[PDB]
Amino acid sequence: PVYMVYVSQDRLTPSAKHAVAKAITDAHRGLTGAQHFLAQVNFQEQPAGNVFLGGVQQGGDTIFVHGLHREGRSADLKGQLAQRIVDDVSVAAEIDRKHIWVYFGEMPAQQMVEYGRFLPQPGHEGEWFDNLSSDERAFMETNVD
Amino acid sequence: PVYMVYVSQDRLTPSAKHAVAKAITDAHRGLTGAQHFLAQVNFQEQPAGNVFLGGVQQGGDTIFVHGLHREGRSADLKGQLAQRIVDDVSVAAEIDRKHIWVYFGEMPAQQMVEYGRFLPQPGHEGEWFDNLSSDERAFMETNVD
Amino acid sequence: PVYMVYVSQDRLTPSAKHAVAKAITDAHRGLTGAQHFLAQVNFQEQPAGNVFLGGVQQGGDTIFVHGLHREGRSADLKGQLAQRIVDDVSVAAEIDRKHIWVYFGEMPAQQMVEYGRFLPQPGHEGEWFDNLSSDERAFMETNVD
């Protein structure tokens with residue numbers, strides 16, 4: 001999937017970004033079974049003061065995570081996973097839970113392209129990894145930490 | 001809700017950001033009943049000329065509001081809220097209305113988290129507030145301009 | 001439509017940005033039949049090192065298109081246009097297809113404003129584009145490449 005993660009500039013060091021990215025990627029693999037490299041975490045940094053809560057200007061502890069997913073998963077799972085992104089980012093970034101916003105949007109797999117291919121359904125990933133070129137299979141396996 | 005606002009760098013001074021974010025927040029709450037703090041306005045600045053229209057590179061006067069809403073509201077209300085945003089940002093950013101694009105996105109409340117918590121149905125908003133931690137009732141209350 | 005293009009700062013010259021934007025804008029009108037000025041391509045630049053695939057940080061060679069459409073077009077049609085976007089962006093950004101991710105999102109036209117006006121259904125661009133206003137078409141007609 002794709003996680004847009006809006007944050008203030010300089011709020012996270014490279015280690016913290018790599019820490020927040022990691023906890024999100026491990027939330028997702030861990031509750032869905034998705035092959036790691038399938039997850040993208042994409043930081044959007046903007047200057048602090050660009051974020052307003054109830055018309056009040058905020059400092060730089062706001063975190064907004066927008067996960068773009070595939071249709072097909074239960075409402076009980078999306079909650080856990082959202083809840084787990086809340087907890088594990090709160091630790092990884094050392095910011096209070098109450099500073100964290102998480103929305104999930106969903107689309108059908110057939111209008112969702114990753115690594116230049118169309119995606120499988122959620123219960124079809126095994127077929128997905130057993131019908132790609134190895135130039136492809138090699139690339140994605142470089143994208144796992 | 002979360003309103004991502006895409007503007008060209010400095011088209012809105014820090015006050016002008018406050019006015020717009022105050023314009024979006026006051027259309028929402030006024031038209032839905034959503035408590036004041038519930039609304040985030042998120043400014044995403046980019047250098048001028050990163051925006052294209054029909055292929056024609058543009059200047060620093062485009063605005064695109066992308067609204068992320070809970071499912072469960074009528075189309076009437078949503079188009080009503082879309083117009084008032086166009087109207088009230090025009091006035092608050094002194095941008096001509098033909099520059100303002102507004103989209104609304106909906107997701108089930110059950111996969112949306114604000115202040116580390118899952119949202120209610122729009123028909124549950126007030127009770128949801130009551131049974132929050134008092135850390136949470138208060139941290140929220142501090143974000144109402 | 002609004003295409004959010006997520007690219008790293010400096011991966012694209014002003015000529016290359018116009019190349020990608022022309023690639024997206026053309027595919028979309030070619031396949032939907034929608035009038036030129038209706039398509040916006042919004043570049044969103046961030047320093048390299050902000051994108052993570054499988055927890056591994058990336059250089060400036062990742063591109064993410066998040067496309068936002070009216071509801072009403074077929075799955076085969078949506079799939080064809082994402083594929084065309086992959087092919088044509090890759091060429092116009094001299095980038096390799098494995099580095100391109102494409103997500104389409106859809107919403108009710110009745111909650112979609114462009115140029116400060118509401119949108120017709122995916123086939124109503126005639127009647128709509130012709131009873132606009134005095135200048136609404138006019139200001140929208142300059143935006144053709």
# chains A, B, ... in the order shown; residues from 1 in each chain; ligands from 1
>>> closest_atom_pairs(of="region 36-100 of chain A", to="region 103-122 of chain C", cutoff="12 Å", atoms="only C-alpha atoms", output="JSON lines")
{"residue": "A:67", "atom": "CA", "partner": "C:103", "partner_atom": "CA", "distance": 11.7}
{"residue": "A:68", "atom": "CA", "partner": "C:103", "partner_atom": "CA", "distance": 8.2}
{"residue": "A:69", "atom": "CA", "partner": "C:103", "partner_atom": "CA", "distance": 9.4}
{"residue": "A:70", "atom": "CA", "partner": "C:103", "partner_atom": "CA", "distance": 9.9}
{"residue": "A:71", "atom": "CA", "partner": "C:105", "partner_atom": "CA", "distance": 11.6}
>>> calpha_fit_rmsd(fixed="chain C", moving="chain B")
0.5 Å
>>> closest_residue(among="A:41, A:7, A:144, A:92", to="chain B", atoms="only C-alpha atoms")
A:7
>>> closest_atom_pairs(of="chain B", to="chain C", cutoff="7 Å", atoms="only C-alpha atoms", output="tab-separated table")
residue	atom	partner	partner_atom	distance
B:46	CA	C:44	CA	6.5
B:50	CA	C:43	CA	4.9
B:51	CA	C:42	CA	4.6
B:52	CA	C:41	CA	5.0
B:53	CA	C:40	CA	4.6
B:54	CA	C:37	CA	4.5
B:55	CA	C:22	CA	5.2
B:56	CA	C:145	CA	5.7
B:75	CA	C:110	CA	6.9
B:78	CA	C:111	CA	6.1
B:79	CA	C:111	CA	5.2
B:82	CA	C:111	CA	6.8
B:86	CA	C:116	CA	6.2
B:97	CA	C:116	CA	5.1
B:98	CA	C:115	CA	4.1
B:99	CA	C:115	CA	5.5
B:100	CA	C:116	CA	5.2
B:101	CA	C:114	CA	4.5
B:102	CA	C:113	CA	4.9
B:103	CA	C:112	CA	4.7
B:104	CA	C:111	CA	5.9
B:105	CA	C:107	CA	6.5
>>> select_by_dssp(residues="region 30-140 of chain A", states="helix (DSSP H, G or I)", output="PyMOL selection string")
chain A and resi 30-32+36-38+75-93+97-99+109-111+122-129+134-140
>>> select_by_dssp(residues="chain C", states="strand (DSSP E or B)", output="PDB file with N, CA, C and O atoms, in the first residue's frame")
ATOM      1  N   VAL C   2      -7.685  15.402 -10.745  1.00  0.00           N
ATOM      2  CA  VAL C   2      -6.474  15.918 -10.112  1.00  0.00           C
ATOM      3  C   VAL C   2      -5.519  14.744  -9.987  1.00  0.00           C
ATOM      4  O   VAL C   2      -5.872  13.713  -9.395  1.00  0.00           O
ATOM      5  N   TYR C   3      -4.322  14.885 -10.558  1.00  0.00           N
ATOM      6  CA  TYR C   3      -3.253  13.910 -10.376  1.00  0.00           C
ATOM      7  C   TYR C   3      -2.235  14.513  -9.421  1.00  0.00           C
ATOM      8  O   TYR C   3      -1.554  15.486  -9.772  1.00  0.00           O
ATOM      9  N   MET C   4      -2.119  13.943  -8.222  1.00  0.00           N
ATOM     10  CA  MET C   4      -1.008  14.308  -7.355  1.00  0.00           C
ATOM     11  C   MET C   4       0.198  13.465  -7.765  1.00  0.00           C
ATOM     12  O   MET C   4       0.138  12.229  -7.750  1.00  0.00           O
ATOM     13  N   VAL C   5       1.255  14.134  -8.211  1.00  0.00           N
ATOM     14  CA  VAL C   5       2.509  13.490  -8.589  1.00  0.00           C
ATOM     15  C   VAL C   5       3.498  13.740  -7.451  1.00  0.00           C
ATOM     16  O   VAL C   5       3.782  14.895  -7.113  1.00  0.00           O
ATOM     17  N   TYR C   6       3.992  12.668  -6.839  1.00  0.00           N
ATOM     18  CA  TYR C   6       4.943  12.762  -5.734  1.00  0.00           C
ATOM     19  C   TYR C   6       6.331  12.389  -6.223  1.00  0.00           C
ATOM     20  O   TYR C   6       6.612  11.217  -6.494  1.00  0.00           O
ATOM     21  N   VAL C   7       7.204  13.377  -6.297  1.00  0.00           N
ATOM     22  CA  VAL C   7       8.528  13.194  -6.851  1.00  0.00           C
ATOM     23  C   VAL C   7       9.496  13.878  -5.905  1.00  0.00           C
ATOM     24  O   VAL C   7       9.125  14.774  -5.143  1.00  0.00           O
ATOM     25  N   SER C   8      10.752  13.455  -5.961  1.00  0.00           N
ATOM     26  CA  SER C   8      11.769  14.094  -5.136  1.00  0.00           C
ATOM     27  C   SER C   8      12.306  15.370  -5.779  1.00  0.00           C
ATOM     28  O   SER C   8      12.388  15.505  -7.006  1.00  0.00           O
ATOM     29  N   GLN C  40      -5.803  18.479 -14.025  1.00  0.00           N
ATOM     30  CA  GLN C  40      -4.747  19.147 -13.285  1.00  0.00           C
ATOM     31  C   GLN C  40      -3.691  18.131 -12.867  1.00  0.00           C
ATOM     32  O   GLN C  40      -4.024  17.041 -12.396  1.00  0.00           O
ATOM     33  N   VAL C  41      -2.419  18.476 -13.056  1.00  0.00           N
ATOM     34  CA  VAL C  41      -1.312  17.664 -12.559  1.00  0.00           C
ATOM     35  C   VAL C  41      -0.548  18.502 -11.546  1.00  0.00           C
ATOM     36  O   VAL C  41      -0.033  19.575 -11.888  1.00  0.00           O
ATOM     37  N   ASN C  42      -0.488  18.023 -10.299  1.00  0.00           N
ATOM     38  CA  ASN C  42       0.057  18.783  -9.183  1.00  0.00           C
ATOM     39  C   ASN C  42       1.333  18.092  -8.738  1.00  0.00           C
ATOM     40  O   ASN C  42       1.290  16.969  -8.240  1.00  0.00           O
ATOM     41  N   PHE C  43       2.470  18.734  -8.932  1.00  0.00           N
ATOM     42  CA  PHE C  43       3.721  18.115  -8.518  1.00  0.00           C
ATOM     43  C   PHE C  43       3.944  18.411  -7.045  1.00  0.00           C
ATOM     44  O   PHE C  43       3.661  19.518  -6.571  1.00  0.00           O
ATOM     45  N   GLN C  44       4.389  17.401  -6.307  1.00  0.00           N
ATOM     46  CA  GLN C  44       4.650  17.552  -4.875  1.00  0.00           C
ATOM     47  C   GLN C  44       6.063  17.037  -4.599  1.00  0.00           C
ATOM     48  O   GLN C  44       6.324  15.828  -4.610  1.00  0.00           O
ATOM     49  N   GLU C  45       6.986  17.960  -4.391  1.00  0.00           N
ATOM     50  CA  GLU C  45       8.392  17.622  -4.298  1.00  0.00           C
ATOM     51  C   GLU C  45       8.806  17.561  -2.842  1.00  0.00           C
ATOM     52  O   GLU C  45       8.348  18.358  -2.021  1.00  0.00           O
ATOM     53  N   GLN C  46       9.656  16.595  -2.524  1.00  0.00           N
ATOM     54  CA  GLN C  46      10.218  16.428  -1.200  1.00  0.00           C
ATOM     55  C   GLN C  46      11.670  16.002  -1.350  1.00  0.00           C
ATOM     56  O   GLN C  46      12.033  15.389  -2.360  1.00  0.00           O
ATOM     57  N   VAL C  51      11.222   8.790   0.935  1.00  0.00           N
ATOM     58  CA  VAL C  51      10.433   7.660   0.442  1.00  0.00           C
ATOM     59  C   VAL C  51      11.054   6.364   0.929  1.00  0.00           C
ATOM     60  O   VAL C  51      12.272   6.202   0.897  1.00  0.00           O
ATOM     61  N   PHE C  52      10.216   5.433   1.368  1.00  0.00           N
ATOM     62  CA  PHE C  52      10.658   4.142   1.890  1.00  0.00           C
ATOM     63  C   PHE C  52       9.818   3.023   1.277  1.00  0.00           C
ATOM     64  O   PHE C  52       8.581   3.034   1.381  1.00  0.00           O
ATOM     65  N   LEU C  53      10.483   2.073   0.625  1.00  0.00           N
ATOM     66  CA  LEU C  53       9.849   0.844   0.166  1.00  0.00           C
ATOM     67  C   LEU C  53      10.410  -0.302   0.995  1.00  0.00           C
ATOM     68  O   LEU C  53      11.633  -0.470   1.085  1.00  0.00           O
ATOM     69  N   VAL C  56      13.322   0.366   3.447  1.00  0.00           N
ATOM     70  CA  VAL C  56      14.607   0.797   2.900  1.00  0.00           C
ATOM     71  C   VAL C  56      14.449   2.161   2.241  1.00  0.00           C
ATOM     72  O   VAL C  56      13.580   2.342   1.381  1.00  0.00           O
ATOM     73  N   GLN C  57      15.312   3.105   2.611  1.00  0.00           N
ATOM     74  CA  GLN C  57      15.247   4.458   2.078  1.00  0.00           C
ATOM     75  C   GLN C  57      15.610   4.480   0.602  1.00  0.00           C
ATOM     76  O   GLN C  57      16.444   3.709   0.140  1.00  0.00           O
ATOM     77  N   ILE C  63       8.562   7.520  -8.195  1.00  0.00           N
ATOM     78  CA  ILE C  63       7.475   8.413  -8.599  1.00  0.00           C
ATOM     79  C   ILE C  63       6.163   7.780  -8.156  1.00  0.00           C
ATOM     80  O   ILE C  63       5.952   6.573  -8.329  1.00  0.00           O
ATOM     81  N   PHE C  64       5.288   8.586  -7.564  1.00  0.00           N
ATOM     82  CA  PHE C  64       3.986   8.107  -7.130  1.00  0.00           C
ATOM     83  C   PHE C  64       2.922   9.055  -7.664  1.00  0.00           C
ATOM     84  O   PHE C  64       2.931  10.257  -7.352  1.00  0.00           O
ATOM     85  N   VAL C  65       2.031   8.507  -8.490  1.00  0.00           N
ATOM     86  CA  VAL C  65       0.866   9.213  -9.006  1.00  0.00           C
ATOM     87  C   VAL C  65      -0.335   8.752  -8.201  1.00  0.00           C
ATOM     88  O   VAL C  65      -0.647   7.554  -8.164  1.00  0.00           O
ATOM     89  N   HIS C  66      -1.001   9.684  -7.547  1.00  0.00           N
ATOM     90  CA  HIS C  66      -2.266   9.395  -6.886  1.00  0.00           C
ATOM     91  C   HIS C  66      -3.337  10.189  -7.613  1.00  0.00           C
ATOM     92  O   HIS C  66      -3.426  11.415  -7.456  1.00  0.00           O
ATOM     93  N   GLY C  67      -4.127   9.477  -8.409  1.00  0.00           N
ATOM     94  CA  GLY C  67      -5.108  10.087  -9.282  1.00  0.00           C
ATOM     95  C   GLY C  67      -6.489  10.025  -8.656  1.00  0.00           C
ATOM     96  O   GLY C  67      -6.849   9.034  -8.019  1.00  0.00           O
ATOM     97  N   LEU C  68      -7.262  11.092  -8.878  1.00  0.00           N
ATOM     98  CA  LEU C  68      -8.525  11.343  -8.197  1.00  0.00           C
ATOM     99  C   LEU C  68      -9.562  11.621  -9.276  1.00  0.00           C
ATOM    100  O   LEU C  68      -9.463  12.637  -9.973  1.00  0.00           O
ATOM    101  N   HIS C  69     -10.549  10.720  -9.418  1.00  0.00           N
ATOM    102  CA  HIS C  69     -11.455  10.700 -10.565  1.00  0.00           C
ATOM    103  C   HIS C  69     -12.903  10.799 -10.126  1.00  0.00           C
ATOM    104  O   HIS C  69     -13.243  10.502  -8.981  1.00  0.00           O
ATOM    105  N   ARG C  70     -13.761  11.211 -11.059  1.00  0.00           N
ATOM    106  CA  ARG C  70     -15.196  11.023 -10.884  1.00  0.00           C
ATOM    107  C   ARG C  70     -15.512   9.539 -10.954  1.00  0.00           C
ATOM    108  O   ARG C  70     -14.816   8.778 -11.626  1.00  0.00           O
ATOM    109  N   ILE C 100       7.551   3.276 -10.595  1.00  0.00           N
ATOM    110  CA  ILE C 100       6.320   4.034 -10.741  1.00  0.00           C
ATOM    111  C   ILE C 100       5.239   3.308  -9.965  1.00  0.00           C
ATOM    112  O   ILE C 100       5.097   2.085 -10.091  1.00  0.00           O
ATOM    113  N   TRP C 101       4.525   4.045  -9.111  1.00  0.00           N
ATOM    114  CA  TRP C 101       3.312   3.547  -8.470  1.00  0.00           C
ATOM    115  C   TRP C 101       2.141   4.438  -8.867  1.00  0.00           C
ATOM    116  O   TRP C 101       2.263   5.672  -8.879  1.00  0.00           O
ATOM    117  N   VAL C 102       1.002   3.812  -9.175  1.00  0.00           N
ATOM    118  CA  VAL C 102      -0.187   4.514  -9.660  1.00  0.00           C
ATOM    119  C   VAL C 102      -1.415   4.051  -8.876  1.00  0.00           C
ATOM    120  O   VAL C 102      -1.727   2.861  -8.857  1.00  0.00           O
ATOM    121  N   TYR C 103      -2.116   4.993  -8.246  1.00  0.00           N
ATOM    122  CA  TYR C 103      -3.353   4.738  -7.506  1.00  0.00           C
ATOM    123  C   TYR C 103      -4.456   5.646  -8.020  1.00  0.00           C
ATOM    124  O   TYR C 103      -4.289   6.872  -8.022  1.00  0.00           O
ATOM    125  N   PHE C 104      -5.591   5.061  -8.410  1.00  0.00           N
ATOM    126  CA  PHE C 104      -6.764   5.846  -8.776  1.00  0.00           C
ATOM    127  C   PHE C 104      -7.800   5.846  -7.654  1.00  0.00           C
ATOM    128  O   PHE C 104      -8.187   4.785  -7.154  1.00  0.00           O
ATOM    129  N   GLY C 105      -8.271   7.034  -7.293  1.00  0.00           N
ATOM    130  CA  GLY C 105      -9.389   7.178  -6.381  1.00  0.00           C
ATOM    131  C   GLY C 105     -10.533   7.904  -7.063  1.00  0.00           C
ATOM    132  O   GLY C 105     -10.315   8.770  -7.911  1.00  0.00           O
ATOM    133  N   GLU C 106     -11.760   7.555  -6.664  1.00  0.00           N
ATOM    134  CA  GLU C 106     -12.984   8.028  -7.289  1.00  0.00           C
ATOM    135  C   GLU C 106     -13.920   8.572  -6.231  1.00  0.00           C
ATOM    136  O   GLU C 106     -13.891   8.128  -5.087  1.00  0.00           O
ATOM    137  N   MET C 107     -14.771   9.520  -6.627  1.00  0.00           N
ATOM    138  CA  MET C 107     -15.749  10.137  -5.736  1.00  0.00           C
ATOM    139  C   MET C 107     -16.992  10.487  -6.543  1.00  0.00           C
ATOM    140  O   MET C 107     -16.948  10.528  -7.777  1.00  0.00           O
ATOM    141  N   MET C 112     -17.597  17.060  -6.355  1.00  0.00           N
ATOM    142  CA  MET C 112     -16.326  17.385  -6.996  1.00  0.00           C
ATOM    143  C   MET C 112     -16.456  18.735  -7.683  1.00  0.00           C
ATOM    144  O   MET C 112     -17.234  18.873  -8.635  1.00  0.00           O
ATOM    145  N   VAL C 113     -15.702  19.724  -7.193  1.00  0.00           N
ATOM    146  CA  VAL C 113     -15.677  21.071  -7.753  1.00  0.00           C
ATOM    147  C   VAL C 113     -14.361  21.266  -8.489  1.00  0.00           C
ATOM    148  O   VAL C 113     -13.298  20.901  -7.974  1.00  0.00           O
ATOM    149  N   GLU C 114     -14.440  21.801  -9.711  1.00  0.00           N
ATOM    150  CA  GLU C 114     -13.286  22.283 -10.457  1.00  0.00           C
ATOM    151  C   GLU C 114     -13.568  23.703 -10.901  1.00  0.00           C
ATOM    152  O   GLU C 114     -14.728  24.063 -11.133  1.00  0.00           O
ATOM    153  N   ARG C 117     -16.492  25.242  -9.895  1.00  0.00           N
ATOM    154  CA  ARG C 117     -17.818  24.725 -10.231  1.00  0.00           C
ATOM    155  C   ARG C 117     -17.874  23.214 -10.074  1.00  0.00           C
ATOM    156  O   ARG C 117     -16.842  22.538 -10.070  1.00  0.00           O
ATOM    157  N   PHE C 118     -19.108  22.693  -9.991  1.00  0.00           N
ATOM    158  CA  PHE C 118     -19.406  21.273  -9.827  1.00  0.00           C
ATOM    159  C   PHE C 118     -19.294  20.503 -11.133  1.00  0.00           C
ATOM    160  O   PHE C 118     -19.504  21.036 -12.222  1.00  0.00           O
TER     161      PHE C 118
END
